[PDB]
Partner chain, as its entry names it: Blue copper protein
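Form solved without its partner chain, single chain, as structure tokens, below.
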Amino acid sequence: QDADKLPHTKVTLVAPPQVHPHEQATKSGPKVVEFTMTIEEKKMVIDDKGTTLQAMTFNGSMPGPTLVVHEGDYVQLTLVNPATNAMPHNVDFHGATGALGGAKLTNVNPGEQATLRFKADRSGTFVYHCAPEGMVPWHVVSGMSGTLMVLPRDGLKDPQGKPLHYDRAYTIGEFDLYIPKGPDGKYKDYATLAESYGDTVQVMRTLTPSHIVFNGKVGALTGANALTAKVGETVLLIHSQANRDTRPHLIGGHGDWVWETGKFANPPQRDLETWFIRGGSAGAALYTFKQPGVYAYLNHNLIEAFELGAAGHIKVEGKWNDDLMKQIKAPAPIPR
């Protein structure tokens, strides 16, 4: 179990909402899984009205990519902070033990890189996020978080120990954004990242987000960018919120099996309408589609979903099943 004498393997990370290829149950024994992530500070457009955010990301996306390993593996991360950035960064992995989650061993100034190794000895979906001393909330709310999924080597199980399997996995990061507004009643635009700080902390202190989005922007997962699946497929929906609570719900569907605290050694709950993801954590739900059509996947504080942005869509192909639901009488004049 010395880590230095185990096999090493390299994973190529992909952008949300996809998750990189991986095996659910594995026969292999423990390995050292190597990942690389580059920090990118950039100004991004977060709504359809042209509102901008001075953002900070892991690999250029919000959320950062999901990293997948099995319980007992060692995560070996190379964190790269290019010289074109302006701030220092680091990473705090909630799935790791010690040193402020690794934050103490990964302080990197623009133009520096560092490599950390930690044992992933606890299964579940865990948040990771940047956490620079004295500036923690700002880097997290500007976009620096993602998920680490540690699968049990034997794959997911139901409460009676029966095997659960998914066909497809999607990762949704939910971000509460605090964009300052000026007297016009218009959101401010900033020339540089550093210039947005002072105003942004004042909005943060009110505890009221201006926008709450899935994966980086209002409408990121709606319409043309909907998630896709087919009747009969089992999807795993990973949902992370590194700062604020959320309450995910699939309209027209359910959470067949849900780990809302996100830790796979505990028995999941079944048949949930709406589940709860505590700020600072990631959770996961399984659902097998039974009806075709468009579904909405959203935070069920409906002001947060429809007014502030926390809603996405899943487009499902297949044949309607009239036993589950059937219009007996279409809308028509009442009888007189």
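Positions refer to the first chain, counted from 1.
The form solved in complex with its partner chain exists for this protein as well; it is not shown, and the discussion that follows is about that form.
**Residues 33, 35 and 68 all lining its partner chain in the entry with it bound, heavy atom within 4.5 Å** = Per the other structure, none of 33, 35 and 68 touch its partner chain.
**Request:** Sort through 156, 169, 87, 179 and report the residue having a heavy atom within 4.5 Å of its partner chain in the entry with it bound.
**Result:** None of the others qualify; the residue that does is 87.
**Request:** Report whether the minimum heavy atom distance between residue 110 and its partner chain in the entry with it bound is within 4.5 Å.
**Result:** Residue 110: yes, in contact with its partner chain in the entry with it bound.
**Message:** Can you work out whether residue 135 and its partner chain are in contact in the entry with it bound, taking contact to mean some heavy atom pair no more than 4.5 Å apart?
**Reply:** Flag for residue 135 set to yes.
**Prompt:** in the entry with it bound, which residues of 175-189 put a heavy atom within 4.5 Å of its partner chain?
**Reply:** Residues within 4.5 Å: none.
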